[PDB]
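In: An experimental structure, sequence included, is below.
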Amino acid sequence: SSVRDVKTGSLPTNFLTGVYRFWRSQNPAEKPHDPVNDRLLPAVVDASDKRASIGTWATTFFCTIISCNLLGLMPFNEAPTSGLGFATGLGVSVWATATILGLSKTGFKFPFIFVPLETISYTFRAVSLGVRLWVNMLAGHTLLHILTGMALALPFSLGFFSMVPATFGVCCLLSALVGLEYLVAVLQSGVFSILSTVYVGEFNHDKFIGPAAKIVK
Amino acid sequence: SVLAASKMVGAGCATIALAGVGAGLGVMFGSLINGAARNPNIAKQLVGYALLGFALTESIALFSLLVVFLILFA
Amino acid sequence: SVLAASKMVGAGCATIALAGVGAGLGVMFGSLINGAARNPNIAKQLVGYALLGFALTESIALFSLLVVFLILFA
Amino acid sequence: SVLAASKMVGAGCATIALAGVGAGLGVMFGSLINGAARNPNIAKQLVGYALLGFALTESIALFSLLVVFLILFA
Amino acid sequence: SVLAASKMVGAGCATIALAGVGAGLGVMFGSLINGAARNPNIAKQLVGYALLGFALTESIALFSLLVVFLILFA
Amino acid sequence: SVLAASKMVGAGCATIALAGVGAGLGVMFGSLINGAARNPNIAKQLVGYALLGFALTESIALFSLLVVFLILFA
Amino acid sequence: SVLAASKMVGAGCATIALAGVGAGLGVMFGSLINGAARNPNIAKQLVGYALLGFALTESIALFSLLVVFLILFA
Amino acid sequence: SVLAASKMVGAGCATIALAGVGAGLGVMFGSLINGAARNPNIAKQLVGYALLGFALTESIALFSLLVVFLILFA
Amino acid sequence: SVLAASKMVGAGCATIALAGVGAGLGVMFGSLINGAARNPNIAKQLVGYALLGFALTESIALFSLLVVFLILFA
Amino acid sequence: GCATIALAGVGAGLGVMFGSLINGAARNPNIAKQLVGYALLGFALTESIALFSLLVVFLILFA
Amino acid sequence: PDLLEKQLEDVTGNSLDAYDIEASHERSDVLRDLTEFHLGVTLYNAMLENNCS
Amino acid sequence: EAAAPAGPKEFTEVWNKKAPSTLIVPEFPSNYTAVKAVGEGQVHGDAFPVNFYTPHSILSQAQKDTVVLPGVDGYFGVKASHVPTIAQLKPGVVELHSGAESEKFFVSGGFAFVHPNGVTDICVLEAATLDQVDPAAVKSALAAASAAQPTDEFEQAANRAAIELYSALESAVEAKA
Amino acid sequence: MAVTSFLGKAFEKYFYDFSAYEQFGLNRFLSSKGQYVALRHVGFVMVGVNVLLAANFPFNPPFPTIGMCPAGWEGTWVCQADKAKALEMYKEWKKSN
Amino acid sequence: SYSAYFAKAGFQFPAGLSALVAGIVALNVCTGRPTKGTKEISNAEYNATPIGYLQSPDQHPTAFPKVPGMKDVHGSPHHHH
Amino acid sequence: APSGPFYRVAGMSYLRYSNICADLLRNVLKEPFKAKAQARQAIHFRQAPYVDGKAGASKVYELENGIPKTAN
């Protein structure tokens, strides 16, 4: 009813500005032949709204996946992308969005001894896009569980605050593993959204309308 | 229980295909460093090819892990 | 169930046939980076050659996976 | 049933010929990218040599797969 | 105890995929030394690409260590 | 039936000597590409050199496939 | 005693992942020689990348030795 | 009769030494192409070097075959 | 006859080092061609280094061929 | 039997080093003797791996 | 070097890409050295021919 | 990308529009060369034209059959229909052969091109025959060149070039045939 | 107090100018603050592990131990590998103690 | 200058977080199945059995188990063994 | 600061490095040849920048030894 007031130059505004402009730079618009003026401006606008909103979708997926990844590094929290259904559902959703965008361009019709091997190599990226995120979010957490189980044998067996180099050399290793999991948590959201731009912008191609009649010279 | 033993040791001999991926991605991510030290002025084109190459070579690693999961829990 | 048990270790040994295609996809997608760091202007022709060369060596991996799933489920 | 089991674990311990075949396809179709990145003027004759090298190193791929048909079914 | 022994001889066989990521990180951190020995003015971008490549191949290292405990304790 | 079961395991694990031969013909038919990309004057003589190399490094493929019939059918 | 006999060959098959870091450290530490023979002026920054690559490659030897330590001593 | 079964399962893992011979022949017959592409007037002498190296590696290939014959008929 | 069986299946997995010396001899006899195509007026000294390297590489081959009979016939 | 597979790696390393000697001798034939000194020193330093993987073989066989 | 010279060389590819650059560093630096050597040679020959004329 | 296709012929045509018409076209360096790179031929079997040049001399222009060039990766050789090359040379011995007889010029460095038509143009600054260097002053100067090692990377780069040229001269003078 | 204003001021002063890298000296032993947080970090980890263990020490470990025993227990319920057997032994150790 | 206008409006949630929390709660409670370790039993059984026997040991683990597998409750000893 | 060979990163041009190498090859030549190689080594000229059209300070070279090995 009454919207909130926003300070200009806020840090989340500048961050989301940079993030949206980064994901919008991935699939840039195509330069026409005729220079853009009032003649070509409806062709530019109508080229602009036949292209998919891969900027908005890619920063949607970047924000939800980096938030769900960085949840796993807060205390008392799991990463939601560590679930199989969550992460692989995001992967199947990006593959299905690319497929629906590529099917609606032609006729909603689905496309000899080789092209089934291209179809199986295209249908697999549905599995790969989500399973890469899920297995990355599961593997570092599982390894962290196992190794802080192994670090927990030493102060249990030896004394508390005793034999400190043996537990120090594993607590330093565990700290470097949580740092690597921070780096993987940022990079897997980056890789998911880069691949969303690639897989969806493979089908982000239409005909430029252009001028069909011209008063030359 | 010989089937539920052979599944575990078959997955253990199944996941060694993560070696060749983990070396090919090493030479690709080293070729990124080399080619970005040759001319750094295209180092968002070459990182954009490095991530396409990484993400298209690790589909092999996910094929390997799918065969792992399908001979463990299937 | 040795007839049931042997197919698991067989397919586990058979999916190692993707380690080398992971290494080859790594060297090819690193060679594209080092080649596109020579001339960035032909870097559409190079990726057009890279995806063709990928799709004809990913089919080797897919032949390995067809042998894996005809040993496992056939 | 040790015969029908071990012919399947044998042909399953057989397919990793395709690993090194794929690694060779990777080095060959990456050497194509470096070679056509040097001079793009002969960048179709090089792809012709690439496909002839592909079809004469696939020879080993079909030589592996027909032999694993002889282990699985002959 | 056939599966409780098989999980150990599979998990020992499961961790040999770490040799590939060790060789990959060796060549990727040698390529860093060559790239920072060419032009040491861009020498702090290349360490930044070495850490990206290190993280995205320790990806595959932790994949292998995921399955080495998925067949031990899972 | 450990004789025939073992010989089908042996003829299975025999043909994984085709891995390095596939990688070898890949390296050869890849360096053919930049050898033709260096000077295209010699490329029909140079592919004659490549096929002379191929017809003698295929001798290893024949040397691995005759022992598969020596194991299966002798 | 099939489990305690299992863990010994599990550790033996497990420790061959150190071969990959023993080759990757060799090729990185030869990469430093071939990069320092080019410009011996700045050959002490590159040792600061040699030891960083050695640490981040040893991490894999550390992971392999802890999977060895956990297969042996549960 | 585990002896006459071990003959075949040991011969199949005996002939695995042909992969390295195929890879070695491939890099030598690829370097033949590269060297005859540099200065193609020494191409006769370089083919005479390629066939000498091919014979001196067929030394070890026929050593591998004499071992795979000596554990089948001796 | 399990011991004479183990000697044959051990000699089979003992002649695997012939792949490694074959690949080493192949890279050395490819470098012979490459160095003789750099400067062909040094080619006789290069062959005088190549055959010394061949004879010293086959020292490893005969040390491995030492054990392929010392476990069979001793 | 499977212990002597480590001679494959030593053969590959020696073939790489003795191929690099052929390349480095073809790059300055004036210094074609000090490089052979480094070649045989590195060869003797990689026969440590060969004799280690042989003493494991007779420490497996004779012990 | 490539400020305009290789930009004047690229036709259906390039004519400079026939040559294998055997420099220490990249082609952008071998042309950087090569055009200073070309300027020195042309300037030397110019002021030598001009003195004799 | 190459939208200004210049040359002697285009400059002749455009220069007849802006200069006064009585002025004859200024000459170009193309007009005194009968040999080009893309002009195929000039090969004739085993011997190839070796244009060993110098700023103050022309040391060779007749056809030779094999040339040893001291590039920066190492010494390489050129036979007749060699691959096109632009090779920067380190200070080393350019060996000209016509058969059994070899003339050994020790040069100072500077580039050496091989063109598609098989012409080779060795282009170095100071290209001395190795007869006219003494073996005494080289180590006599390298003993001082291994001493003045300042932090001035201009002077240190000059010292690097000094010790490398002097070391190559020493290693080329002890290793005579 | 103001329930959130004094807390904010107190945490602000503790966060900013309260330093145990200056109130304890510590520049003689540690080189720089980039090394101090790399040891304070693993020190927080080590004392957290030790407080979490010491807050309940008589427990049978869920984590796989290395066949090692803490103190003079050595065969009792805190080291028994099968957890059902260890629970059966703990239910006897409980009513005695 | 305008800094005291933004300190007046304090913390505020994102402008549709009610719908997100309602959607996630409506996905976690409108499952169409029993609640993770229960089983829909008849009315006669729920009216006839004690609440000590409706409980299960697997669904009430101990809050800081001294032995792994210690359960708070013990359930019915009338097993189908 | 620049990215190139060891002379180029040190601010030096290529021509100065190649002439430094030519000078150091000349200084060790034979005495029937070293004196006549001093003819091709002398740098005697002058220059003067011209900023406004006719004013500018002068810069004079008198070098008989060769190129200056010191910084330009």
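Out: Received, thanks. Numbers count the residues shown, from 1 in each chain, chains lettered A, B, ... in the order given.
In: surely residue A:208 meets residue A:32?
Out: Yes. Using C-beta atoms under 8 Å, residue A:208 makes contact with residue A:32 at a distance of 5.7 Å. C-beta coordinates here come from the backbone N, C-alpha and C atoms, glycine included.
In: From the contact counts, what lies against the helix ranked longest in chain O?
Out: When every helix of chain O is counted residue by residue (DSSP state H), the longest turns out to be helix O:14-26. The helices and strands touching helix O:14-26, judged by 3 or more C-beta pairs under 8 Å, 6 or more residues apart in numbering or on different chains; DSSP states H and E, are helix K:27-52, helix L:153-173.
In: Of the ones you listed, flag the one that's most buried.
Out: Across the helices and strands packed on helix O:14-26, the average number of neighbours (mean count of other C-beta atoms under 10 Å in any protein chain shown) peaks for helix L:153-173, which reaches a mean of 20.
In: residue nearest the centroid of the chain?
Out: In the absence of a named chain, chain A is used. For chain A, the residue sitting closest to the mean C-alpha position, by C-alpha atoms, centre = their mean, is residue A:193 at 2.2 Å.
In: other chain: chain N
Out: With C-alpha atoms, centre = their mean applied to chain N, the nearest residue to centre is residue N:35, 8.1 Å.
In: Spit out the contact partners of that one.
Out: Residue N:35 sits next to no residue when contact means C-beta atoms under 8 Å, 6 or more residues apart in numbering or on different chains.
In: what about 10 Å?
Out: Under the criterion of C-beta atoms under 10 Å, 6 or more residues apart in numbering or on different chains, the contact list for residue N:35 reads N:29, N:59.
In: and what of residue M:77?
Out: Counting by C-beta under 10 Å, 6+ apart, the residues that residue M:77 touches are M:58-60, M:83, M:85-94, N:66-67.
In: and if you look at residue L:158?
Out: Under the criterion of C-beta under 10 Å, 6+ apart, the neighbours of residue L:158 are L:145, L:148, L:150, L:152, O:7, O:10, O:12, O:16-17, O:20-21, O:24, O:68-71.
In: max-length helix in the chain?
Out: Answering for chain A, as no chain was given. Among the elements of type helix in chain A, defined by DSSP H, the one spanning the most residues is helix A:164-201.
In: that's the wrong chain, I wanted chain N
Out: Using DSSP H to define each element, chain N has its longest helix at helix N:17-29.
In: Heading C-terminal from that one, find the next helix or strand.
Out: Beyond helix N:17-29 on the C-terminal side, the first helix or strand identified by DSSP states H and E is helix N:43-48.
In: Which elements pack onto that following helix?
Out: Using 3 or more C-beta pairs under 10 Å, 6 or more residues apart in numbering or on different chains; DSSP states H and E as the contact criterion, the elements in contact with helix N:43-48 are helix N:51-54.
In: and for the helix it packs on, what are the contacting residues?
Out: For helix N:51-54, the external contacting residues (C-beta under 10 Å, 6+ apart) are N:38, N:41, N:45-46, N:73-78.
In: What residue in chain O comes nearest to chain K?
Out: Each residue of chain O has a distance to chain K, by C-beta to the nearest C-beta, and the smallest belongs to residue O:14, at 3.7 Å.
In: Among the contacts of residue M:77, name the buried ones.
Out: Among the contacts of residue M:77, those classed as buried by 16 or more other C-beta atoms under 10 Å in any protein chain shown are M:59-60, M:83, M:86-87, M:89-90, N:66-67.
In: Tell me which of those residues fall in helices.
Out: Secondary structure of these is defined by DSSP H; positions in helices are M:83, M:86-87, M:89-90.
In: any chance you could map the helices in chain A?
Out: Along chain A, counting by DSSP H, helices occupy A:11-24, A:41-48, A:54-71, A:84-106, A:115-150, A:153-157, A:164-201.
In: Format those helices as CSV; extra columns: distance to residue L:69.
Out: Output for the helices of chain A, formatted as CSV (distance: least, C-beta to C-beta, whole Å):
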stretch, distance to residue L:69
helix A:11-24, 49
helix A:41-48, 56
helix A:54-71, 53
helix A:84-106, 55
helix A:115-150, 48
helix A:153-157, 64
helix A:164-201, 46
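In: Of all those helices, which one comes closest to residue F:21?
Out: Relative to residue F:21, the nearest member of the helices of chain A by C-beta to C-beta is helix A:115-150, separated by 23.6 Å.
In: Centre of the chain to the closest one, how far?
Out: Using C-alpha atoms, centre = their mean, to the nearest Å, the mean C-alpha position of helix A:115-150 is found 14 Å from that of the whole chain.
In: So what does whichever residue of chain O sits closest to chain I look like in phi/psi?
Out: Closest residue of chain O to chain I, C-beta to the nearest C-beta: residue O:5 (21.5 Å). As for residue O:5, its main-chain torsions (degrees, to the nearest 10) stand at phi -70, psi 180.
In: quick one: contacts for whatever residue of chain M ends up closest to chain H?
Out: Going by C-beta to the nearest C-beta, chain H is nearest to residue M:64 of chain M, at 35.4 Å. With contacts taken as C-beta under 10 Å, 6+ apart, residue M:64 has the following neighbours: A:146, A:149-150, A:152-153, E:72-73, G:70, G:73-74, M:81.
In: Now the common contact residues for residue A:208 and residue A:32.
Out: Residues touching both residue A:208 and residue A:32 comprise A:40, A:43-44, A:47, with contact defined as C-beta under 10 Å, 6+ apart.
In: how deep is the residue of chain O closest to chain I tucked in, by neighbour count?
Out: Neighbourhood size, residue O:5 [other C-beta atoms under 10 Å in any protein chain shown]: 23.
In: And the residue in chain O positioned nearest to chain G, how far from chain C?
Out: Scanning chain O for the residue nearest chain G gives residue O:6, at 6.1 Å (criterion: C-beta to the nearest C-beta). Relative to chain C, residue O:6 is positioned 22 Å away (C-beta to the nearest C-beta, to the nearest Å).
In: Where does that residue sit: helix, strand or coil?
Out: Three-state assignment for residue O:6 (DSSP: H, G, I helix; E, B strand; the rest coil): coil.
In: Report how many residues lie close to it.
Out: Each residue near residue O:6 was counted by other C-beta under 10 Å, and the total is 21.
In: Also residue A:65?
Out: Taking other C-beta under 10 Å as the criterion, the count of residues near residue A:65 is 26.
In: I'd say it and residue A:195 touch.
Out: No. The pair residue A:65 / residue A:195 is not scored as a contact, 11.3 Å apart, by C-beta atoms under 10 Å.
In: what touches both of those two?
Out: When contacts are counted by C-beta under 10 Å, 6+ apart, residue A:65 and residue A:195 are jointly contacted by residue A:133.
In: just the buried members of the shared contacts of residue A:208 and residue A:32?
Out: So, of those, A:40, A:43, A:47 end up buried under the neighbour-count rule (16+ other C-beta under 10 Å).
In: among those residues, which are in reach of chain O?
Out: The subset of these within reach of chain O, counting by C-beta under 10 Å from any C-beta of the partner chain, is empty.
In: now, among those residues, which is nearest to chain F?
Out: Checking those against chain F with C-beta to the nearest C-beta, the nearest one is residue A:47 at 38.4 Å.
In: For that closest one, which non-adjacent residue is closest in space?
Out: The shortest distance from residue A:47 to any residue that is not its chain neighbour, by C-beta to C-beta, 6 or more residues apart in numbering or on different chains, is 5.8 Å, and that residue is residue A:208.
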